[PDB]
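One letter stands for each residue in the lines below.
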2 protein chains.
Amino acid sequence: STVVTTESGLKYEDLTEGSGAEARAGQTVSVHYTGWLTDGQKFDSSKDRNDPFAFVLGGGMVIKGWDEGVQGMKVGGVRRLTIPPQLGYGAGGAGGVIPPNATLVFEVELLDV
Amino acid sequence: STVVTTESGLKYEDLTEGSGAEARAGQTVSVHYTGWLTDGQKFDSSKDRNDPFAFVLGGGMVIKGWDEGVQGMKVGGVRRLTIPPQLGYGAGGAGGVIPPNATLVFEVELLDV
Ligand SMILES: C=CC[C@@H]1/C=C(\C)C[C@H](C)C[C@H](OC)[C@H]2O[C@@](O)(C(=O)C(=O)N3CCCC[C@H]3C(=O)O[C@H](/C(C)=C/[C@@H]3CC[C@@H](O)[C@H](OC)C3)[C@H](C)[C@@H](O)CC1=O)[C@H](C)C[C@@H]2OC
Ligand SMILES: C=CC[C@@H]1/C=C(\C)C[C@H](C)C[C@H](OC)[C@H]2O[C@@](O)(C(=O)C(=O)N3CCCC[C@H]3C(=O)O[C@H](/C(C)=C/[C@@H]3CC[C@@H](O)[C@H](OC)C3)[C@H](C)[C@@H](O)CC1=O)[C@H](C)C[C@@H]2OC
Ligand SMILES: [Ca+2]
Ligand SMILES: [Ca+2]
């Protein structure tokens, strides 16, 4: 599989190509995800909480790297997103668990569109 | 299991009580469903299309019997809704497949909240 670096500095890699319907901005999508810091510390997993995550793709409610990175996935696909801090939580960080200026690694599995 | 007739004339029956989180108005929920006319003709199944259905519970986008009937389900639950036409498609019917003045029977399985 390839690593694509977009104009924003986002990087993504389709670990598994989906065979089902394509995700586009406007759709309400459902995913499983895991999130890690670059040192390999896991900060979240929806699979561990047994709770698929739904959001409006392109809705401006999730971090920029997600609204961008999830577009183009197909249902069944697993995509790895490497999100620079300016497309994540920036200088501010989050919840005392994501530090300032953190690059974030997510693996995202698309369950439904 | 019991059959509850609500103030609106909706009837519902929890065929299977869910063990997980409760559905409330405001949440984006995901369900599988099958829909039948009272004569036993199936008009739709999201399971047959392999496509869970997401909607905003209480969002005024689905027929009245759904916005009402899905509230109170728990994740894992299967509820049967018997929807009189005034809480469904009324005198107008739908898609040439649901006739005028049709009572509708849905079985709804809650997958996520
Ligand atoms: C309002 C009540 C809580 C409400 C919570 C939910 C619906 C439950 C939902 C599963 C979130 C998780 O709850 C277990 C948990 O997910 C993380 O662990 C995580 O993996 C993460 O990073 N995710 C979640 C998956 C999508 C990407 C990213 C996100 O974009 O999340 C969004 C996020 C935090 C955006 C910030 C918002 C503030 C801005 O200032 C900032 O702009 C820089 C961007 C989340 C979805 C918000 O839209 C909505 C909420 O927050 C966060 C590390 C902390 C977060 O808990 C808060
Ligand atoms: C806009 C583009 C299409 C858009 C379609 C989708 C998102 C795909 C989604 C799976 C719908 C199904 O597509 C395969 C299909 O589901 C049925 O088969 C069905 O089982 C049904 O009855 N459902 C769907 C499940 C929730 C309850 C009910 C409904 O409330 O559905 C809603 C409905 C029709 C409401 C009418 C709207 C008009 C009002 O005038 C009327 O007020 C009386 C109420 C649907 C979800 C609308 O909100 C959105 C849409 O329609 C209909 C028999 C026909 C419908 O296809 C159209
Ligand atoms: Ca969920
Ligand atoms: Ca769907």
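As recorded in the entry header, the structure was determined using X-ray crystallography to a resolution of 2.000 Å.

(A) Seen up close, the coordination of the calcium ion (ligand 4). The coordination sphere of the calcium ion (ligand 4) contains the protein donors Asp112 of chain A (OD), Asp112 of chain A (OD), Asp51 of chain B (OD) and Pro52 of chain B (O), at a distance range of 2.3 to 2.6 Å. Residue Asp112 of chain A is located in strand β7 (residues 104-112), and its partner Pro52 of chain B is located in the loop between α1 (46-49) and β5 (53-56); the two belong to separate chains.

(B) Here's a closer look at the interface of chain B and chain A. Taken together, the contacts link four residues of chain B with four residues of chain A. Interface area for chain B against chain A, summed over the two sides, is near 380 Å², with a carbon-plus-sulfur share of 48%. Contact with chain A buries surface across chain B, with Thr28, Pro52 and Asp112 of chain B losing the most and accounting together for 70% of the total. Across the chain B-chain A interface, the total number found is zero salt bridges.

(C) Looking closely at the relation of the copies chain B and chain A. For the match of chain B to chain A, the screw axis carries a shift of 0.0 Å, the RMSD comes to 0.0 Å, and the turn is 180°. In short, the pair behaves as if placed about a two-fold rotation axis. The overlap is high: 100% of the interface residues of chain B also sit at the interface in chain A, so the same surface is used on both sides.

(D) Representation of the pairing of strand β6 (residues 78-83) of chain B in the model. All names here are of chain B. Where burial is concerned, the two faces of β6 differ: the one with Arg79, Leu81 and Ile83 is buried and the one with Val78, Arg80 and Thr82 is not. With five bridges connecting them, strand β2 (residues 11-16) and β6 associate as antiparallel partners. Note on β6: the bridge partner recorded for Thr16 is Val78. Where β6 and strand β7 (residues 104-112) come together, six bridges link them in antiparallel fashion. What sits directly across from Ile83, in β7, is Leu104.

(E) View of the side chain of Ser45 of chain A. Residues and elements named next belong to chain A. Along the polypeptide, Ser45 turns up in strand β4 (residues 42-45). Of note is the side chain of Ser45, whose polar atom sits 3.0 Å from the backbone nitrogen of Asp48. Residues in contact with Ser45, not counting those within four places in the same chain, are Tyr33 and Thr34.

(F) View of the site of ligand 2. Residues and elements named next belong to chain B. Taken together, the neighbourhood of ligand 2 is formed by 13 residues, with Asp44, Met61, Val62, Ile63 and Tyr89 sitting nearest. Here an oxygen atom of ligand 2 sits 2.8 Å away from a polar atom, N or O, in the main chain of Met61. Here an oxygen atom of ligand 2 and a backbone polar atom of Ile63 are 2.9 Å apart. For ligand 2, whose accessible area on its own is 940 Å², the fraction buried by protein is 49%.

(G) Structural context of the site of ligand 1. All names here are of chain A. Residues in close proximity to ligand 1 total 13 residues, the closest being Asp44, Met61, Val62, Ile63 and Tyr89. Here an oxygen atom of ligand 1 and a side-chain polar atom of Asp44 are 2.6 Å apart. Contacts to ligand 1 include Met61, whose backbone N or O atom sits 2.8 Å from an oxygen atom. Surface burial for ligand 1 is 49%, taken as the share of its 940 Å² of free accessible area covered by protein chains. Of the residues in the shell around ligand 1, the class split is 10 nonpolar, one polar and two charged.

(H) Looking closely at the UniProt feature "domain: PPIase FKBP-type" (unreviewed entry) in chain A. UniProt feature "domain: PPIase FKBP-type" (unreviewed entry): in the numbering of this structure it lies at residues 26-113 of chain A. Taken as a whole, residues 26-113 of chain A contains 11% helix and 38% strand, while its terminal C-alpha atoms sit 10 Å from one another.

(I) Focus on the packing of aromatic side chains. Residues and elements named next belong to chain A. Per the stated rule, a full pass over the model turns up 16 aromatic pairs over all chains. Here the aromatic rings of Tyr33 and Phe53 are separated by 6.0 Å at their centres, their planes lie at 80°, and the arrangement is edge-to-face. You can see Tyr33 sitting in strand β3 (residues 28-37) and its partner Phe53 sitting in strand β5 (residues 53-56), a full 20 residues away along the chain. Through a chain of ring-to-ring contacts, the aromatic side chains of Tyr33, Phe43, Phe53, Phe55, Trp66 and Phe106 assemble into a single cluster.

What counts and how
Counting of residues restarts from 1 for each chain and follows the sequence as written, so the numbers need not equal those of the entry; residues with no coordinates are not shown. All chains are assigned letters beginning with A, and all ligands numbers beginning with 1, in the order in which they are written. To obtain the side-chain values, all non-hydrogen atoms of the structure were used and water was disregarded. Residues with missing side-chain atoms are left out of burial classes, side-chain pairs and their counts. Here a donor is an N, O or S atom found within 2.8 Å of the metal, or within 3.2 Å if the metal is Na, K or Ca; sites may look incomplete because water is not among the atoms. The way it works is that DSSP assigns letters per residue, a run of H or I at least four long becomes a helix, a run of E at least two long becomes a strand, and they are numbered from the N terminus. Two residues qualify as a contact provided that any one of their heavy atoms is within 4.5 Å of a heavy atom in the partner residue. Buried area is understood as the total, over both parts, of accessible area removed when two parts are fitted together, assessed with a 1.4 Å probe. Think of a salt bridge as a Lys or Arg side-chain nitrogen and an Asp or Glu carboxyl oxygen that are within 4 Å of each other. Each copy is placed on the others by a least-squares superposition of C-alpha atoms. Partly exposed describes any residue whose relative accessible area lies between the buried limit of under 20% and the exposed limit of over 50%, with all areas from a 1.4 Å probe on protein chains only and scaled to the type maximum. Two strands form a pair only when DSSP identifies at least two bridges running between them. Throughout this description, a polar contact denotes any pair of N or O atoms lying within 3.5 Å of each other; where both atoms belong to protein, one of them has to be capable of donating a hydrogen while the other can accept it, and for residues adjacent in sequence the pair is counted only when both atoms sit in side chains. Proximity is defined per residue: if any heavy atom of the residue lies within 4 Å of a molecule or strand, that residue is considered near it. All accessible areas in this document rest on Shrake-Rupley with a 1.4 Å probe, and a residue is counted as covered only by the protein chains that are shown. Side-chain classes are defined by residue name, with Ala, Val, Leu, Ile, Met, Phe, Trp, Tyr, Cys and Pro counting as nonpolar, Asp, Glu, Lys and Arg as charged, and the others, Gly among them, as polar. UniProt positions are given in the numbering used here, feature names are shortened, and annotations may be inferred rather than shown by experiment. Under the pairing criterion, centres of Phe, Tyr and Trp rings, with the six-membered ring standing for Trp, must be within 6.5 Å; the plane angle then separates stacked pairs below 30 degrees from edge-to-face pairs above 60, leaving the rest tilted.

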